[PDB]
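A.B. asks: The file below is coords36.txt, compact mmCIF, N, CA and C atoms and all ligand atoms:
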# COMPACT_ATOMS: atom_id res chain seq x y z
N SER A 1 157.79 139.91 112.80
CA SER A 1 158.79 138.90 113.27
C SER A 1 158.37 138.24 114.59
N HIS A 2 158.33 136.90 114.59
CA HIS A 2 157.75 136.14 115.69
C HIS A 2 158.63 134.96 116.08
N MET A 3 158.51 134.53 117.33
CA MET A 3 159.35 133.46 117.87
C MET A 3 158.76 132.09 117.54
N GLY A 4 157.64 132.08 116.81
CA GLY A 4 157.01 130.83 116.44
C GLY A 4 155.80 130.99 115.53
N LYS A 5 155.35 129.89 114.96
CA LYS A 5 154.24 129.92 114.02
C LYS A 5 152.95 130.32 114.71
N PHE A 6 152.09 131.02 113.96
CA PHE A 6 150.70 131.19 114.32
C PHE A 6 149.96 130.06 113.62
N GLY A 7 149.03 129.43 114.33
CA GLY A 7 148.25 128.36 113.76
C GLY A 7 146.92 128.25 114.47
N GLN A 8 146.18 127.19 114.18
CA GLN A 8 144.87 126.98 114.78
C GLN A 8 145.00 126.88 116.30
N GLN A 9 144.00 127.42 117.00
CA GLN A 9 143.93 127.32 118.45
C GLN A 9 142.56 126.75 118.86
N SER A 10 142.30 125.50 118.47
CA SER A 10 141.00 124.87 118.71
C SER A 10 140.92 124.28 120.12
N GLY A 11 141.96 124.47 120.92
CA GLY A 11 142.06 123.87 122.24
C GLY A 11 142.69 122.49 122.18
N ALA A 12 143.08 122.08 120.98
CA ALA A 12 143.64 120.77 120.77
C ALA A 12 144.53 120.84 119.55
N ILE A 13 145.52 119.95 119.51
CA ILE A 13 146.44 119.85 118.39
C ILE A 13 145.89 118.81 117.42
N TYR A 14 145.82 119.14 116.14
CA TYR A 14 145.35 118.18 115.16
C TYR A 14 146.46 117.84 114.17
N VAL A 15 146.90 116.59 114.18
CA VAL A 15 147.92 116.12 113.25
C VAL A 15 147.52 114.74 112.73
N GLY A 16 147.58 114.53 111.43
CA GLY A 16 147.17 113.26 110.86
C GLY A 16 145.76 112.91 111.33
N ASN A 17 145.58 111.68 111.80
CA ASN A 17 144.28 111.25 112.31
C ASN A 17 144.22 111.29 113.83
N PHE A 18 144.92 112.25 114.42
CA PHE A 18 144.98 112.36 115.87
C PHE A 18 144.56 113.75 116.33
N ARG A 19 143.95 113.76 117.51
CA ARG A 19 143.60 114.96 118.23
C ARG A 19 144.24 114.87 119.63
N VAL A 20 145.09 115.84 119.95
CA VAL A 20 145.81 115.86 121.22
C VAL A 20 145.22 116.95 122.10
N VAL A 21 144.73 116.57 123.27
CA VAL A 21 144.11 117.51 124.19
C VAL A 21 144.66 117.35 125.61
N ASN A 22 144.54 118.39 126.43
CA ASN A 22 144.77 118.25 127.85
C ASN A 22 143.91 117.11 128.36
N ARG A 23 144.51 116.15 129.03
CA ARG A 23 143.74 115.02 129.55
C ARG A 23 142.58 115.51 130.42
N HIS A 24 142.82 116.52 131.26
CA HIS A 24 141.79 116.96 132.20
C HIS A 24 140.60 117.67 131.52
N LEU A 25 140.75 118.01 130.24
CA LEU A 25 139.68 118.67 129.48
C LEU A 25 139.12 117.77 128.39
N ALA A 26 139.63 116.54 128.31
CA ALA A 26 139.16 115.60 127.31
C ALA A 26 137.67 115.36 127.51
N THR A 27 136.94 115.35 126.41
CA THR A 27 135.50 115.22 126.47
C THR A 27 135.08 113.76 126.52
N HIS A 28 133.81 113.51 126.81
CA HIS A 28 133.28 112.15 126.76
C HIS A 28 133.57 111.52 125.38
N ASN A 29 133.46 112.30 124.31
CA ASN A 29 133.78 111.77 122.99
C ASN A 29 135.26 111.37 122.81
N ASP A 30 136.16 112.18 123.37
CA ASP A 30 137.60 111.85 123.36
C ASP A 30 137.84 110.47 123.95
N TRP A 31 137.22 110.21 125.10
CA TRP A 31 137.41 108.95 125.81
C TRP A 31 136.80 107.75 125.09
N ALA A 32 135.73 107.99 124.33
CA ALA A 32 135.12 106.93 123.54
C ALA A 32 136.02 106.55 122.37
N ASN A 33 136.92 107.46 122.02
CA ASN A 33 137.77 107.27 120.86
C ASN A 33 139.25 107.41 121.22
N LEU A 34 139.59 106.85 122.38
CA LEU A 34 140.90 106.99 123.00
C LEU A 34 142.00 106.25 122.24
N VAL A 35 143.14 106.91 122.04
CA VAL A 35 144.30 106.27 121.43
C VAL A 35 145.37 106.05 122.48
N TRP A 36 145.57 107.06 123.31
CA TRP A 36 146.67 107.09 124.26
C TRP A 36 146.39 108.18 125.31
N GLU A 37 146.74 107.93 126.57
CA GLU A 37 146.66 108.97 127.59
C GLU A 37 147.65 108.71 128.70
N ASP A 38 148.07 109.79 129.36
CA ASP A 38 149.00 109.70 130.47
C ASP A 38 148.68 110.79 131.49
N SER A 39 148.19 110.38 132.65
CA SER A 39 147.75 111.31 133.68
C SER A 39 148.92 112.13 134.19
N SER A 40 150.10 111.52 134.24
CA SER A 40 151.30 112.20 134.72
C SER A 40 151.83 113.26 133.74
N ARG A 41 151.37 113.24 132.50
CA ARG A 41 151.73 114.26 131.51
C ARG A 41 150.56 115.20 131.18
N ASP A 42 149.37 114.91 131.70
CA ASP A 42 148.15 115.68 131.39
C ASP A 42 147.87 115.67 129.88
N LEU A 43 148.13 114.54 129.24
CA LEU A 43 147.91 114.43 127.81
C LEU A 43 146.96 113.31 127.47
N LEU A 44 146.09 113.56 126.50
CA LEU A 44 145.25 112.51 125.93
C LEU A 44 145.20 112.70 124.42
N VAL A 45 145.22 111.58 123.70
CA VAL A 45 145.10 111.57 122.26
C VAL A 45 143.92 110.70 121.86
N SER A 46 143.02 111.28 121.07
CA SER A 46 141.89 110.55 120.51
C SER A 46 141.99 110.51 118.99
N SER A 47 141.19 109.64 118.38
CA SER A 47 141.27 109.43 116.95
C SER A 47 140.27 110.27 116.16
N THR A 48 140.66 110.62 114.93
CA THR A 48 139.84 111.45 114.06
C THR A 48 139.74 110.80 112.69
N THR A 49 138.85 111.34 111.84
CA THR A 49 138.64 110.87 110.46
C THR A 49 139.32 111.71 109.43
N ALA A 50 139.69 112.91 109.83
CA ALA A 50 140.12 113.90 108.87
C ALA A 50 141.47 114.47 109.29
N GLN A 51 142.28 114.76 108.28
CA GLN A 51 143.66 115.16 108.46
C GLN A 51 143.78 116.53 109.12
N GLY A 52 144.50 116.59 110.24
CA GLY A 52 144.73 117.84 110.94
C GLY A 52 145.92 118.53 110.32
N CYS A 53 146.00 119.85 110.45
CA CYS A 53 146.97 120.62 109.68
C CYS A 53 148.19 121.06 110.49
N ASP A 54 148.29 120.59 111.73
CA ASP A 54 149.42 120.97 112.56
C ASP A 54 150.63 120.11 112.21
N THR A 55 151.81 120.67 112.45
CA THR A 55 153.05 119.94 112.31
C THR A 55 153.64 119.81 113.71
N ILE A 56 154.08 118.61 114.07
CA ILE A 56 154.71 118.43 115.37
C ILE A 56 156.20 118.74 115.22
N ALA A 57 156.67 119.71 116.00
CA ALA A 57 158.10 120.02 116.06
C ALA A 57 158.91 118.83 116.59
N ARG A 58 160.14 118.66 116.10
CA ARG A 58 161.01 117.59 116.58
C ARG A 58 162.35 118.17 117.01
N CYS A 59 162.32 119.42 117.44
CA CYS A 59 163.50 120.19 117.76
C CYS A 59 163.80 120.23 119.26
N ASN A 60 164.81 121.02 119.61
CA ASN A 60 165.14 121.30 121.01
C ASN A 60 164.96 122.78 121.32
N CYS A 61 164.05 123.44 120.61
CA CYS A 61 163.78 124.84 120.88
C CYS A 61 163.38 125.07 122.33
N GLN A 62 163.78 126.21 122.87
CA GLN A 62 163.33 126.66 124.18
C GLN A 62 162.70 128.04 124.12
N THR A 63 162.30 128.44 122.91
CA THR A 63 161.54 129.66 122.71
C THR A 63 160.40 129.36 121.75
N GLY A 64 159.35 130.17 121.82
CA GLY A 64 158.19 129.96 120.99
C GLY A 64 157.10 130.95 121.33
N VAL A 65 155.92 130.78 120.73
CA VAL A 65 154.80 131.66 120.99
C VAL A 65 153.58 130.79 121.31
N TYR A 66 152.83 131.18 122.34
CA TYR A 66 151.60 130.47 122.68
C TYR A 66 150.42 131.44 122.76
N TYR A 67 149.22 130.90 122.62
CA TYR A 67 148.01 131.69 122.76
C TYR A 67 147.49 131.60 124.18
N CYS A 68 147.30 132.76 124.79
CA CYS A 68 146.75 132.87 126.12
C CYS A 68 145.30 133.32 126.01
N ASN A 69 144.37 132.42 126.31
CA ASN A 69 142.94 132.71 126.16
C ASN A 69 142.44 133.85 127.06
N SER A 70 142.94 133.91 128.28
CA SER A 70 142.45 134.89 129.25
C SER A 70 142.83 136.31 128.84
N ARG A 71 143.85 136.43 128.00
CA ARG A 71 144.29 137.73 127.51
C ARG A 71 143.87 137.90 126.07
N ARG A 72 143.35 136.83 125.49
CA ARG A 72 143.01 136.81 124.08
C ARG A 72 144.19 137.32 123.27
N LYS A 73 145.37 136.78 123.55
CA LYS A 73 146.58 137.30 122.93
C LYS A 73 147.71 136.28 122.96
N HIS A 74 148.57 136.34 121.94
CA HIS A 74 149.77 135.50 121.88
C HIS A 74 150.90 136.12 122.69
N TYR A 75 151.76 135.28 123.25
CA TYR A 75 152.95 135.76 123.93
C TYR A 75 154.15 134.93 123.52
N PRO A 76 155.29 135.59 123.32
CA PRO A 76 156.54 134.84 123.13
C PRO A 76 157.01 134.34 124.49
N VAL A 77 157.62 133.16 124.54
CA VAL A 77 158.09 132.63 125.80
C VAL A 77 159.47 132.00 125.66
N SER A 78 160.20 132.02 126.77
CA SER A 78 161.39 131.19 126.95
C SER A 78 161.08 130.15 128.03
N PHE A 79 161.23 128.88 127.69
CA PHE A 79 160.84 127.81 128.61
C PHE A 79 161.98 126.83 128.89
N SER A 80 161.94 126.25 130.08
CA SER A 80 162.91 125.23 130.44
C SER A 80 162.59 123.95 129.69
N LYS A 81 163.59 123.08 129.53
CA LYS A 81 163.39 121.78 128.90
C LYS A 81 162.32 120.99 129.65
N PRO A 82 161.73 119.97 129.00
CA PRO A 82 160.74 119.13 129.68
C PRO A 82 161.30 118.49 130.95
N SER A 83 160.61 118.66 132.07
CA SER A 83 161.13 118.25 133.36
C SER A 83 160.03 117.69 134.24
N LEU A 84 160.45 117.12 135.36
CA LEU A 84 159.53 116.59 136.37
C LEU A 84 159.24 117.72 137.36
N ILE A 85 157.99 118.13 137.42
CA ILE A 85 157.58 119.32 138.16
C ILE A 85 156.48 119.00 139.16
N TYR A 86 156.63 119.49 140.39
CA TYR A 86 155.59 119.33 141.37
C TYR A 86 154.43 120.26 141.06
N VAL A 87 153.26 119.67 140.92
CA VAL A 87 152.06 120.42 140.60
C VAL A 87 151.08 120.19 141.73
N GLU A 88 150.77 121.24 142.47
CA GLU A 88 149.86 121.08 143.60
C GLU A 88 148.43 120.71 143.18
N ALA A 89 147.62 120.30 144.15
CA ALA A 89 146.26 119.84 143.89
C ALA A 89 145.41 120.87 143.14
N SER A 90 144.50 120.36 142.31
CA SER A 90 143.48 121.16 141.64
C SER A 90 142.18 120.37 141.66
N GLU A 91 141.15 120.91 141.02
CA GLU A 91 139.89 120.19 140.88
C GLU A 91 140.03 119.03 139.89
N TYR A 92 141.16 118.98 139.19
CA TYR A 92 141.38 117.98 138.15
C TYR A 92 142.32 116.86 138.56
N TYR A 93 143.23 117.16 139.49
CA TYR A 93 144.22 116.19 139.96
C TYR A 93 144.55 116.43 141.43
N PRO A 94 144.96 115.36 142.13
CA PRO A 94 145.61 115.56 143.44
C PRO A 94 147.02 116.09 143.19
N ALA A 95 147.70 116.58 144.21
CA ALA A 95 149.10 116.95 144.06
C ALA A 95 149.88 115.75 143.55
N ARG A 96 150.81 116.02 142.65
CA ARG A 96 151.61 114.98 142.06
C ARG A 96 152.75 115.63 141.33
N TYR A 97 153.71 114.81 140.93
CA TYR A 97 154.74 115.24 140.00
C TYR A 97 154.26 115.00 138.58
N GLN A 98 154.23 116.07 137.80
CA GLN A 98 153.90 115.98 136.39
C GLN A 98 155.18 115.99 135.57
N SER A 99 155.29 115.03 134.66
CA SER A 99 156.49 114.89 133.85
C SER A 99 156.34 115.56 132.49
N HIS A 100 157.46 115.74 131.81
CA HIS A 100 157.50 116.33 130.46
C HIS A 100 156.87 117.74 130.43
N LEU A 101 157.06 118.49 131.51
CA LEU A 101 156.42 119.79 131.67
C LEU A 101 157.47 120.90 131.54
N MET A 102 157.17 121.88 130.71
CA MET A 102 158.12 122.95 130.39
C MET A 102 157.64 124.28 130.98
N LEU A 103 158.43 124.83 131.89
CA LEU A 103 158.05 126.05 132.62
C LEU A 103 158.58 127.33 131.98
N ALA A 104 157.72 128.35 131.93
CA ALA A 104 158.11 129.68 131.49
C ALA A 104 157.36 130.70 132.32
N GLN A 105 157.89 131.91 132.37
CA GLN A 105 157.11 133.04 132.84
C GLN A 105 156.09 133.42 131.80
N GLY A 106 154.84 133.50 132.22
CA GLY A 106 153.75 133.81 131.32
C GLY A 106 152.44 133.80 132.07
N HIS A 107 151.41 134.39 131.46
CA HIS A 107 150.07 134.36 132.02
C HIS A 107 149.45 133.00 131.79
N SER A 108 148.84 132.44 132.83
CA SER A 108 148.16 131.17 132.71
C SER A 108 147.18 130.99 133.85
N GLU A 109 145.94 131.40 133.62
CA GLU A 109 144.88 131.21 134.61
C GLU A 109 144.03 130.02 134.20
N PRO A 110 143.16 129.55 135.11
CA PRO A 110 142.29 128.47 134.65
C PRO A 110 141.45 128.96 133.46
N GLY A 111 141.32 128.12 132.45
CA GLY A 111 140.72 128.52 131.19
C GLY A 111 141.78 128.60 130.10
N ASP A 112 143.03 128.83 130.51
CA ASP A 112 144.13 128.95 129.54
C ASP A 112 144.73 127.62 129.09
N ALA A 113 144.45 126.55 129.83
CA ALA A 113 144.88 125.22 129.41
C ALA A 113 144.32 124.95 128.03
N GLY A 114 145.17 124.43 127.14
CA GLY A 114 144.73 124.14 125.80
C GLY A 114 145.35 125.07 124.78
N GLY A 115 145.88 126.19 125.27
CA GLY A 115 146.61 127.13 124.44
C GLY A 115 147.81 126.41 123.84
N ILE A 116 148.03 126.62 122.54
CA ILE A 116 149.06 125.89 121.83
C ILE A 116 150.36 126.70 121.67
N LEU A 117 151.47 126.04 121.98
CA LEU A 117 152.80 126.62 121.89
C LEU A 117 153.49 126.10 120.64
N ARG A 118 153.95 127.04 119.81
CA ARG A 118 154.65 126.72 118.57
C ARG A 118 155.98 127.46 118.50
N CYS A 119 157.00 126.78 117.99
CA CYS A 119 158.24 127.43 117.61
C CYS A 119 158.20 127.59 116.09
N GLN A 120 159.34 127.86 115.46
CA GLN A 120 159.33 127.98 114.01
C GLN A 120 159.30 126.62 113.30
N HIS A 121 159.46 125.53 114.05
CA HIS A 121 159.38 124.20 113.46
C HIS A 121 157.99 123.58 113.53
N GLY A 122 157.10 124.16 114.33
CA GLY A 122 155.78 123.58 114.50
C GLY A 122 155.35 123.54 115.96
N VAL A 123 154.40 122.67 116.26
CA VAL A 123 153.84 122.56 117.60
C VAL A 123 154.83 121.91 118.57
N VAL A 124 155.04 122.59 119.70
CA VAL A 124 155.96 122.15 120.75
C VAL A 124 155.20 121.53 121.93
N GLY A 125 154.10 122.17 122.33
CA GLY A 125 153.29 121.66 123.41
C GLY A 125 152.00 122.42 123.61
N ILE A 126 151.40 122.21 124.77
CA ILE A 126 150.07 122.74 125.06
C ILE A 126 150.02 123.17 126.53
N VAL A 127 149.42 124.33 126.79
CA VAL A 127 149.32 124.84 128.16
C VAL A 127 148.59 123.82 129.02
N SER A 128 149.17 123.54 130.18
CA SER A 128 148.64 122.54 131.10
C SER A 128 148.52 123.09 132.52
N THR A 129 149.55 123.79 132.99
CA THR A 129 149.56 124.32 134.35
C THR A 129 149.74 125.84 134.39
N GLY A 130 149.48 126.42 135.55
CA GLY A 130 149.69 127.84 135.77
C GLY A 130 149.93 128.14 137.23
N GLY A 131 150.12 129.41 137.56
CA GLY A 131 150.24 129.82 138.94
C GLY A 131 151.60 130.39 139.24
N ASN A 132 151.64 131.30 140.22
CA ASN A 132 152.87 131.96 140.64
C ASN A 132 153.60 132.66 139.49
N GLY A 133 152.84 133.13 138.51
CA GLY A 133 153.40 133.91 137.42
C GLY A 133 154.02 133.06 136.32
N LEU A 134 153.85 131.75 136.43
CA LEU A 134 154.44 130.81 135.48
C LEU A 134 153.37 130.16 134.62
N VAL A 135 153.78 129.67 133.46
CA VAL A 135 152.91 128.85 132.62
C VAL A 135 153.69 127.58 132.33
N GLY A 136 153.02 126.43 132.44
CA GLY A 136 153.62 125.14 132.15
C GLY A 136 153.00 124.47 130.94
N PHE A 137 153.87 124.06 130.02
CA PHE A 137 153.44 123.43 128.77
C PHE A 137 153.78 121.95 128.78
N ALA A 138 152.79 121.12 128.48
CA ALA A 138 153.01 119.70 128.24
C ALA A 138 153.65 119.52 126.87
N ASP A 139 154.88 119.02 126.88
CA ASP A 139 155.62 118.75 125.65
C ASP A 139 155.00 117.57 124.89
N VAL A 140 154.96 117.67 123.56
CA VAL A 140 154.53 116.56 122.73
C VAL A 140 155.59 116.12 121.71
N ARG A 141 156.74 116.78 121.70
CA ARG A 141 157.74 116.55 120.65
C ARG A 141 158.32 115.14 120.63
N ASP A 142 158.35 114.50 121.78
CA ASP A 142 158.92 113.17 121.92
C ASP A 142 157.99 112.07 121.41
N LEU A 143 156.74 112.42 121.12
CA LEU A 143 155.76 111.43 120.66
C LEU A 143 155.93 111.22 119.16
N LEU A 144 156.84 110.31 118.80
CA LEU A 144 157.25 110.10 117.40
C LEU A 144 156.12 109.51 116.54
N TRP A 145 155.25 108.72 117.17
CA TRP A 145 154.12 108.09 116.48
C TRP A 145 153.02 109.10 116.17
N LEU A 146 153.09 110.23 116.85
CA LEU A 146 152.12 111.29 116.68
C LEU A 146 152.49 112.10 115.45
N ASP A 147 151.85 111.78 114.33
CA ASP A 147 152.24 112.33 113.04
C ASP A 147 151.20 111.92 112.00
N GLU A 148 151.46 112.21 110.73
CA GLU A 148 150.61 111.68 109.68
C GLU A 148 151.16 110.36 109.13
N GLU A 149 150.35 109.66 108.35
CA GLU A 149 150.75 108.39 107.76
C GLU A 149 151.36 108.60 106.38
ZN ZN B 201 161.69 124.36 117.19
The structure in this file should be written as structure tokens.

C.D. replies:
Amino acid sequence: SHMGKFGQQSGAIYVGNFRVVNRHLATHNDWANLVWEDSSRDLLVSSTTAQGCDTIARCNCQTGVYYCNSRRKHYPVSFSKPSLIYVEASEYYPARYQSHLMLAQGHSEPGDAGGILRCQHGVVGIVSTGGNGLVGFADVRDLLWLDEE
């Protein structure tokens, strides 16, 4: 019994002809094939040729399970709704307010960004931030165009 689906953990969400990755980890190839990006959400979407098997959740769940790479293990989480959160400077961004970010208590060290959070409806978001015993997930549920055709 689990608080969310187990699915692929490729470091990116694959749905329809889209690949959703942490903007700060997007590869040179992602940028050559850019569909959409938002620095304030730490999200980038690039285009693909082949159908991805993830389902994007369209719910208001505040519980789910994510994969933590540093522990090589899944954890159930309770997270706050998507909010505007102050994220201090890193090698990837200056200090700024990051929007659509969902906070939970959880392990999240550098390297853990890209871990996928799923509820029982599908993919909810992707690990983006960490620190002070918290893990922050970039929500993708509001992206209605992000789907299959
Ligand atoms: Zn849900």

A.B. asks: How would you report the residues lying within 5 Å of ligand ZN 201 (chain B), as an mmCIF file with N, CA and C atoms, keeping the file's coordinate frame, if you count all atoms listed in the file?

C.D. replies:
data_model
loop_
_atom_site.group_PDB
_atom_site.id
_atom_site.type_symbol
_atom_site.label_atom_id
_atom_site.label_comp_id
_atom_site.auth_asym_id
_atom_site.auth_seq_id
_atom_site.Cartn_x
_atom_site.Cartn_y
_atom_site.Cartn_z
ATOM 1 N N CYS A 59 162.320 119.420 117.440
ATOM 2 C CA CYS A 59 163.500 120.190 117.760
ATOM 3 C C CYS A 59 163.800 120.230 119.260
ATOM 4 N N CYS A 61 164.050 123.440 120.610
ATOM 5 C CA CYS A 61 163.780 124.840 120.880
ATOM 6 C C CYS A 61 163.380 125.070 122.330
ATOM 7 N N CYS A 119 157.000 126.780 117.990
ATOM 8 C CA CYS A 119 158.240 127.430 117.610
ATOM 9 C C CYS A 119 158.200 127.590 116.090
ATOM 10 N N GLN A 120 159.340 127.860 115.460
ATOM 11 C CA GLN A 120 159.330 127.980 114.010
ATOM 12 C C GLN A 120 159.300 126.620 113.300
ATOM 13 N N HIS A 121 159.460 125.530 114.050
ATOM 14 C CA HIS A 121 159.380 124.200 113.460
ATOM 15 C C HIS A 121 157.990 123.580 113.530
#

A.B. asks: I'd like the neighbourhood of residue 67 of chain A as a VMD selection string, where a residue qualifies if any of its atoms comes within 8 Å (using only C-alpha atoms), though same-chain residues fewer than 2 positions away should be ignored.

C.D. replies: chain A and resid 9 65 69 72 to 75 115 to 117

A.B. asks: Using Å and a single decimal, report how far atom CA of residue 89 of chain A sits from atom CA of residue 104 of chain A.

C.D. replies: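 Separation of atom CA of residue 104 of chain A and atom CA of residue 89 of chain A: 19.8 Å.
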
A.B. asks: Counting only C-alpha atoms, figure out which residue out of A:58, A:71, A:5, A:28 gets nearest to residue 147 of chain A.

C.D. replies: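 Checking each of A:58, A:71, A:5, A:28 against residue 147 of chain A, counting only C-alpha atoms, the winner is A:58.
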
A.B. asks: Which one of A:39, A:55, A:98, A:105 sits closest to residue 77 of chain A if you count only N, CA and C atoms?

C.D. replies: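 Closest to residue 77 of chain A, using only N, CA and C atoms: A:105.
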